[PDB]
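Here is the structure we will look at.
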Amino acid sequence: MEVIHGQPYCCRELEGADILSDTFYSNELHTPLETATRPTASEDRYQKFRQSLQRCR
Amino acid sequence: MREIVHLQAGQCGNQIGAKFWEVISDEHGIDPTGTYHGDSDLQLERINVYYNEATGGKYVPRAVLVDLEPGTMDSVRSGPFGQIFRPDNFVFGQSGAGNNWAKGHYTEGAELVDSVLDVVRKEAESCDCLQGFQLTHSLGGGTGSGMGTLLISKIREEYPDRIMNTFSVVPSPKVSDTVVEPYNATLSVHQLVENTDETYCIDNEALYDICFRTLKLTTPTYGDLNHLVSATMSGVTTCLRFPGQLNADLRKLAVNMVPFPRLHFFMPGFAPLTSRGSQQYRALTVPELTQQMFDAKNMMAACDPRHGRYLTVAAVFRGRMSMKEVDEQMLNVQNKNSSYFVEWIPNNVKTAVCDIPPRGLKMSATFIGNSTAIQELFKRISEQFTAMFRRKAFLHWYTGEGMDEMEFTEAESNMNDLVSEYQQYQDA
Amino acid sequence: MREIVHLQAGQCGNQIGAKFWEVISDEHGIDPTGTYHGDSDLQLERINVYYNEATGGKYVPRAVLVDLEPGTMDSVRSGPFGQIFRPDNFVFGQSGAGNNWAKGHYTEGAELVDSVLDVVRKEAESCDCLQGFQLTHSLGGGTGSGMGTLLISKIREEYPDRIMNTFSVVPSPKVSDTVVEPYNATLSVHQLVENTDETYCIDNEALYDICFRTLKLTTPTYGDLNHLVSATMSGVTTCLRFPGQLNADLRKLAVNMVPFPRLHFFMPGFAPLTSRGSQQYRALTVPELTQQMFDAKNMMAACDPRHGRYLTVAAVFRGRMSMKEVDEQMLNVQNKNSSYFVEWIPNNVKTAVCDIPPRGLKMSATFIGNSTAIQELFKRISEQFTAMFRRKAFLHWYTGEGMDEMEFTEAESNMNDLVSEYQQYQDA
Amino acid sequence: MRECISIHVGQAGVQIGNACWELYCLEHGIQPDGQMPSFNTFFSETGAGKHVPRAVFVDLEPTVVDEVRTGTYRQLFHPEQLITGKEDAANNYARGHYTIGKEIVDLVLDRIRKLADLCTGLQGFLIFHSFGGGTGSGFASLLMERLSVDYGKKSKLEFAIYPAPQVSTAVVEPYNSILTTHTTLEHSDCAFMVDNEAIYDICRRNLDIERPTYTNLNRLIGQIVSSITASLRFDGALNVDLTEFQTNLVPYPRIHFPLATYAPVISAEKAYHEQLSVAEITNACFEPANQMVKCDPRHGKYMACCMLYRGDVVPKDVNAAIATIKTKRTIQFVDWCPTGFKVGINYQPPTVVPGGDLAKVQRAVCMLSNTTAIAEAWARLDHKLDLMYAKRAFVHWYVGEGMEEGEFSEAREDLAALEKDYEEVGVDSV
Amino acid sequence: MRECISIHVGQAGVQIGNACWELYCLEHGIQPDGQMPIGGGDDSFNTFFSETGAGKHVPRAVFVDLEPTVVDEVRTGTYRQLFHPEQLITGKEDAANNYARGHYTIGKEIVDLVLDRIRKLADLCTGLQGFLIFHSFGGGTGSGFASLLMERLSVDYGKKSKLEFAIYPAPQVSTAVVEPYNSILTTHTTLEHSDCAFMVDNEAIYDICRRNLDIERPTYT
Amino acid sequence: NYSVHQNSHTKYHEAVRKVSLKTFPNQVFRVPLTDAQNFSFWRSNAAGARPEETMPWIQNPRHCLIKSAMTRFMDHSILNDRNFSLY
Ligand SMILES: Nc1nc2c(ncn2[C@@H]2O[C@H](COP(=O)(O)OP(=O)(O)OP(=O)(O)O)[C@@H](O)[C@H]2O)c(=O)[nH]1
Ligand SMILES: Nc1nc2c(ncn2[C@@H]2O[C@H](COP(=O)(O)OP(=O)(O)OP(=O)(O)O)[C@@H](O)[C@H]2O)c(=O)[nH]1
Ligand SMILES: Nc1nc2c(ncn2[C@@H]2O[C@H](COP(=O)(O)OP(=O)(O)O)[C@@H](O)[C@H]2O)c(=O)[nH]1
Ligand SMILES: Nc1nc2c(ncn2[C@@H]2O[C@H](COP(=O)(O)OP(=O)(O)O)[C@@H](O)[C@H]2O)c(=O)[nH]1
Ligand SMILES: [Mg+2]
Ligand SMILES: [Mg+2]
């Protein structure tokens, strides 16, 4: 369920995968000095990012 | 203005280059949806180097993703930054190669190279001014080594005055990942000592050792591994996307390094790579990055520089620094280590800076080394090829579907010419 | 005050007109109940071109709707935009033509010509200043193929100076919808090369190729099939209805595209065609628009332009766009495709730019092309005709309804003359 | 609007009618008693709210029409529309064509005259007869000879039950088959013909049902004739009227004998396990195992083909389905017809007959094909007569009821000329 | 896209396939009828199953055996609605551990139907990579008719990977007496038309499920 | 299960070929009689009975492959028209 130009659509399936893959999982130690956790660093941040963005197929 | 066409061939390229777009999307402050969200305008003037304009603040990368099977292409469409790519740039066949160079170069590749070439020339013809190409692949299989060499050979005859760079992965000494690795590697290098401008050499076990010892990582994922290659490959092309006190673009880094038209096999490195607990115990200055740039553990290839000599090195520094200390640091390095640099070249060091380091660090530097100790890796591939080829190992899967053994003999002699030339240039 | 009388005979004509009047009602802001609900005054000034007067603040199209069988207009009346049609143009009979050129032109269609001529004369003398007569039909059927050409012959007598545009569906080489199709198309085009002024060849498989390779539609209904022809039909006569900075009506197209009176068969095309999912990665600008108009795969007819040489070319642009790019890339496409143009005509491109776009688009264009590669279409239809006539394969459904054997020979002789005239002018 | 008058003569015709009208009053929502709780093409209207079918039932016996008159259909048909004879023809062309068949043509013709003035635009006749017996052979010819002169140049298409190459339920089968074709040549337009053995092999191969009967046999033919006249009732992308079956499938005046094929013939168990795209029912149409006429198509060459598609079908993939067939080297066509095909699209999905055996599917193809390979069936049907007419078998039942001995000889040489014309037109011109 | 064709031949094919097609619908959410009951997508079953318009998932497997008595329990079991019954091909008599029977006498006619179903499965195949033939070296249908299937498919489908299975006869024991004949006869004509043949021994699994998987009196499970 | 074979062998084989038996061998016998019966006995085939709700220990998130829209279109093309060759 996304809103496009103010009017709601209904989804059946969403983009990507619900889980984070392990071939696209880099630890945060490569970018230590950052201040807002990138969604490729941990699974909770990916889950909140997937909650934030919804797109049908 | 200046503009690089990107290509990703095989599973290795389709993962590593995907991680590269992951790591440079955040450098230019671009969301997965592609809408620009940067806080400074400074990261916006040179977007056109790697991205393409679309309406409403959308930016779309240029990348012709090619592999003979669709599974690894659909894996990267499922990622965090997956929808940025243009779907008509996705080129994929029906059946896989089978980790054989012959099927990736003659059987299936000849029925698919026309379309990927057409998309490549579509992206290159819509260019304000063309500078060069980019390719991520490996020298082990058939869908990354049989297709990448064919693509490079096809590109070279159309744009011969531009520079093509293949960001290749070389076979590992202790443990292999494919049984027919030397057969693929020798034929791939035979097509890479003649066509492309300069390649990079990445070993898997060198990065394994780096994340085990230097990074102190207990469980290194493949993202943890590809992020190193992404950083050391994004650090080279930073002189044409951001200002600097001494900017040195790709063709600048091309004349400075290769002295003779066959000796262009390189070795990268990344300076600031520290463990989690050693952040407070290590100061961050230019000399404490030169201690890691020239470190033998930090080299991403598995040859120790102490068994050979350097011809020229490069060091694309990034950030807050003057360059008395940069230049005097490289001066000290060339002075104290004097016997390991060649005597017939007076100044062996190339330096360049920019004042935009990579995302998440203060200061960084990307080492690049053209050492004469790389001959041992080619020597290893040569006697592995000799050991398999001396009494007809796994050959009929190549011999039965397109070429005879004269091509193998010619490629082996071409490989053995290179080590002899390296030896004759090592002792002046 | 420059009006067009719209005619449609046959199932093709009825359905394509049902889509066309949807497009025109969308452009001029006509509610399907008939009321006018446009927002700007620019849609009101030239509503006279396609519409007439009603009472109560409504508008009635200037279209006659005829078919010999009462089934198709039963669906058109209950269609999506069928309530705007006036009930008095619904003229018809009670029996179908049945895919015969003899049942539409000589016996069954001959007793209905007076009834449709009544309404045609009534709507033609009611205007201020007519310009032309629109006709949509099929050359492979029996109603539109036989009766439509009879209507054309009857109209060219009474109006000799008025121009004529016909939008004809053309047979297929791969598959076929009518078994007796080579016998109707040659007889229809034999009546079309000497009476009409301006003819458009529309193929159905070219539309299938567009909907499957460009539009990327997996289940294309006939509404999406006919919307392309409807868009071309609305884009040809856009300058008569809207202000433009380079005006071009139907007669300007006729003089710029017909150098010799018997060479007036065109290949239409619609510019900004793209897939639904790949819209946001498809930044539309006049370079890529004029690139898309001139491929071989964006043509409404199956005859490939790369095997022939163009004679004259028109391209009517719609929407707010500048003129430097328009003229500059017509210069570019003329000087880069000079091997596909004729040397004896210096400038081979006709351009026109209006200031109003199609509803839902913002920079659209319509490509009209007179090319000598259309000779292969008539060549294959002459081969299909001569492979059936020499055995008298299906002849007796004609000779049993007042035909001659001295009519098929004349039809194939006119076909041969048209082919030889198209071929001769290719030598320069 | 569009119209169809269907005539059901003979035992086979009336029993086929009992199933096709079974289907017809389901496709439109009208009860067995003609009540309703685009239909004008096959059903009339009565001011109180009934629809009365536009068909006549005629048989020389009462024992098949009385079960219609006393069954569940007694309030649907008009009582005078069910013409009843009193003595059968007893498998004689003579009885149905000269003696007793001549007595009740004046009532059947009267009823057709009173059925043809209530319709605004009529354009066809669907005569349901069989080549076997007497009233399906003699009375059908007697009706042809009068409909060809009392109405003019209307379409006159017949559905027949052809004799199988070995299956036959009579001994005078070649005699009755050799004389009806002396009226289905100059008075006919196109003869949609099927046999009975091929449908048996379909019902045991494609359907997993043994010991089939006539009720199961007639529902497939009912589905075939509903697919034929579907475009007159429900609209679609490419409607097909009755007037261009005749001018598409008939190249030469005497060559009008196409086969029939219903593509998705599967059980209710298999329909949910197999998806049936339009690219594979089209290939099943040309499958030799799926023929409803026992004539394997690969000895001969195809002349003209007509495809009738129903339900949720789209023109693009069917276009591609024919596009892959003309490239097949096994399905071989005739040189002088480079065109070959004919398609027609209807939007209504097929409906299952109550208590039936066909599954609830969403697409259907009905394949009508003139084929050179039907000449072998005539080549054995004349061989049967030449083995029978040598010793004058069974002739005294024919010449004893208003027939000449010399008619059999002229029938034989006419059909020999028909076979010779069939061979001559199927040659490659060079 | 990527998928492979399973052919289960003989008892040692079908009794392993009963484990395989239990495990496969256990890995996914595919129910025994095949009707799987918001989030992302799932297109992982395309390697073994094919989706129809009715929502039902049919496996890409053909169950062929000359004997009727050991295939027929899958028509009576749970996976009756899973399979399409035109793949469960049964004969009337077995080969009785004759290579000559299943290779020359009885099995010579069933070939035109199993290749028919193989063509049916391959026409629905988007991208075909491999085959999965589950035969044993012991009996007649697993040795005679399997080799005939391989020699038909080598000339039918050209250069596609044909990976088979083999229950290799034991050193010190055998189920039947004529097995050393049948193994040589089934490896003489398979050595040229095959690409790879997996090798599985019986009592090696018995000692594995005696020592490691410490369960006494093991059986077919 | 009585209604589909009627104590007749021929009716039993017809109902086996047509799939018409209404009872699975889990309700009648509280043990697998046939050995081949044990490869289905735990599975409850009532309507939609799952091995997740009953016995909630074998749950395992699937790292499944998502076929892209481009590959879905390619599959549909190669299935429907053999003459279409995209890329
Ligand atoms: N398909 C089908 N064929 C039938 C049916 N009933 C009879 N037949 C065919 O009709 C043939 C019997 O001869 P008919 O032509 O019906 O005899 P008749 O012309 O009606 O003459 P009478 O029996 O005296 O009424 C048989 O060979 C059958 O093939 C039926 O219900 N369905
Ligand atoms: N452990 C185990 N072995 C089996 C099973 N089914 C078959 N086998 C093996 O099959 C081998 C012999 O092959 P056969 O029993 O003759 O089977 P076949 O080769 O298909 O020949 P047929 O018996 O005629 O069907 C024996 O050595 C068994 O080990 C099973 O369910 N469990
Ligand atoms: N960094 C990285 N290396 C990989 C990945 N996948 C494979 N490799 C390396 O690539 C080498 C051979 O890859 P290969 O299987 O031949 O890929 P292909 O050429 O595309 O078929 C192996 O030594 C692997 O270590 C990956 O996802 N990331
Ligand atoms: N593109 C397109 N073609 C159509 C449509 N309807 C019918 N046709 C074509 O028109 C032909 C049918 O001939 P038609 O004119 O209907 O026969 P007639 O009405 O008896 O003259 C076939 O070849 C179809 O391909 C449509 O909506 N769109
Ligand atoms: Mg009868
Ligand atoms: Mg057995």
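Ligands are numbered from 1 in the order shown, residues from 1 within each chain, and chains are lettered A, B, ... in the order they appear in the structure tokens.
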
**Message:** If chain B is superposed onto chain C by least squares using every Cα atom in order, what is the RMSD, in Å to one decimal?
**Reply:** 0.7 Å

Closest pair table for chain D residues within 10 Å of ligand 4, only C-alpha atoms and all ligand atoms, as a tab-separated table:
residue	atom	partner	partner_atom_place_in_ligand_line	distance
D:236	CA	ligand 4	6 (N)	9.6
D:237	CA	ligand 4	6 (N)	6.3
D:238	CA	ligand 4	7 (C)	5.9
D:239	CA	ligand 4	16 (O)	7.8
D:240	CA	ligand 4	20 (O)	8.7
D:241	CA	ligand 4	20 (O)	8.8
D:243	CA	ligand 4	20 (O)	9.6
D:244	CA	ligand 4	20 (O)	8.5
D:315	CA	ligand 4	25 (O)	9.3
D:319	CA	ligand 4	25 (O)	9.9
D:342	CA	ligand 4	23 (O)	8.8
D:343	CA	ligand 4	22 (C)	8.5
D:344	CA	ligand 4	22 (C)	9.0

**Prompt:** Hey, what's within 8 Å of residue 295 in chain D if we count only C-alpha atoms and toss same-chain stuff fewer than 3 positions away? As a list in words, please?
**Reply:**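 Near residue 295 in chain D, the qualifying residues are residues 291, 373, 374, 376 and 377 of chain D.
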
Just C-alpha atoms for this one: save the residues we selected as a compact mmCIF listing (two decimals), in the first residue's frame.
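Wrote it out as part39.txt, contents follow:
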# COMPACT_ATOMS: atom_id res chain seq x y z
CA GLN D 291 -9.16 -35.51 -35.61
CA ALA D 373 -6.58 -36.31 -47.63
CA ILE D 374 -10.39 -36.80 -47.62
CA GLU D 376 -9.15 -41.69 -49.56
CA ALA D 377 -12.52 -41.93 -47.78

**Item:** helix (DSSP H, G or I) per DSSP on the backbone: members of chain A, as a list in words
**Value:**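 Filtering chain A to helix (DSSP H, G or I) leaves residues 28, 29, 30, 43, 44, 45, 46, 47, 48, 49, 50, 51 and 52 of chain A.
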
**Complete:** Judged by only C-alpha atoms and all ligand atoms, the minimum distance to ligand 1 among D:328, D:113, D:211, D:86 is found for D:86

**Request:** Dump the neighbourhood of ligand 3 as a PyMOL selection string: all residues within 8 Å, distances computed on only C-alpha atoms and all ligand atoms.
**Result:** (chain A and resi 23) or (chain B and resi 9-16+67+97-99+137-145+169-172+176-178+181+204+222-223+225-226+229)

**Prompt:** Within 8 Å of residue 116 in chain B, counting only C-alpha atoms, which residues qualify if same-chain residues fewer than 5 places away don't, as a list in words?
**Reply:** residues 64, 66 and 91 of chain B

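Within 10 Å of residue 192 in chain E there are residues 150, 151 and 154 of chain E, counting only C-alpha atoms and ignoring same-chain residues fewer than 6 positions away.
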
Generate the output file for the selected residues, C-alpha atoms, as a tab-separated table (two decimals), in the first residue's frame.
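What follows is the written file part-v7.tsv:
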chain	number	residue	atom	x	y	z
E	150	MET	CA	19.64	-42.41	-22.59
E	151	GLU	CA	20.46	-43.57	-26.12
E	154	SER	CA	21.31	-38.47	-26.83

**Asked** Which protein, DNA or RNA residues have an atom within 12 Å of ligand 5, counting only C-alpha atoms and all ligand atoms, as a ChimeraX atom specification?
**Response** /D:8-16,58-64,88-92,96,128-139,161,169-170,173,176

**Request:** Please write out the residues within 10 Å of ligand 6 as a ChimeraX atom specification, counting only C-alpha atoms and all ligand atoms.
**Result:** /E:9-12,65-71,93-97,139-142

With C-alpha atoms retained, could you export that selection as a PDB file, in the first residue's frame?
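Final output, out.pdb:
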ATOM      1  CA  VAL E   9      12.609 -45.295 -13.682  1.00  0.00           C
ATOM      2  CA  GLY E  10      11.966 -48.579 -11.910  1.00  0.00           C
ATOM      3  CA  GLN E  11      11.439 -49.253  -8.218  1.00  0.00           C
ATOM      4  CA  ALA E  12      14.738 -47.664  -7.176  1.00  0.00           C
ATOM      5  CA  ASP E  65       7.993 -48.378 -14.742  1.00  0.00           C
ATOM      6  CA  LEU E  66       7.073 -51.529 -16.634  1.00  0.00           C
ATOM      7  CA  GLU E  67       5.559 -52.983 -13.427  1.00  0.00           C
ATOM      8  CA  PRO E  68       2.197 -51.591 -12.243  1.00  0.00           C
ATOM      9  CA  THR E  69       2.415 -52.479  -8.560  1.00  0.00           C
ATOM     10  CA  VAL E  70       4.975 -49.936  -7.272  1.00  0.00           C
ATOM     11  CA  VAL E  71       4.126 -46.830  -9.299  1.00  0.00           C
ATOM     12  CA  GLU E  93       4.709 -56.910 -16.706  1.00  0.00           C
ATOM     13  CA  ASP E  94       8.159 -56.036 -15.398  1.00  0.00           C
ATOM     14  CA  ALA E  95      11.462 -57.109 -16.947  1.00  0.00           C
ATOM     15  CA  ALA E  96      12.048 -59.755 -14.212  1.00  0.00           C
ATOM     16  CA  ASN E  97      15.712 -58.613 -14.017  1.00  0.00           C
ATOM     17  CA  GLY E 139      17.162 -55.087 -12.374  1.00  0.00           C
ATOM     18  CA  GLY E 140      15.869 -54.997 -15.914  1.00  0.00           C
ATOM     19  CA  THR E 141      13.851 -51.791 -16.160  1.00  0.00           C
ATOM     20  CA  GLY E 142      16.539 -49.838 -14.304  1.00  0.00           C
TER      21      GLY E 142
END

**Request:** Taking only C-alpha atoms into account, report as an NGL selection string which residues of chain C lie within 9 Å of chain D.
**Result:** :C and (11 or 69-72 or 75 or 93-100 or 173-182 or 205 or 208 or 212 or 218-222 or 384 or 386-397)

**Straight-line distance linking CA of residue 425 in chain C with CA of residue 331 in chain C, stated in Å to one decimal** =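 Computing it gives 23.3 Å between the two atoms.
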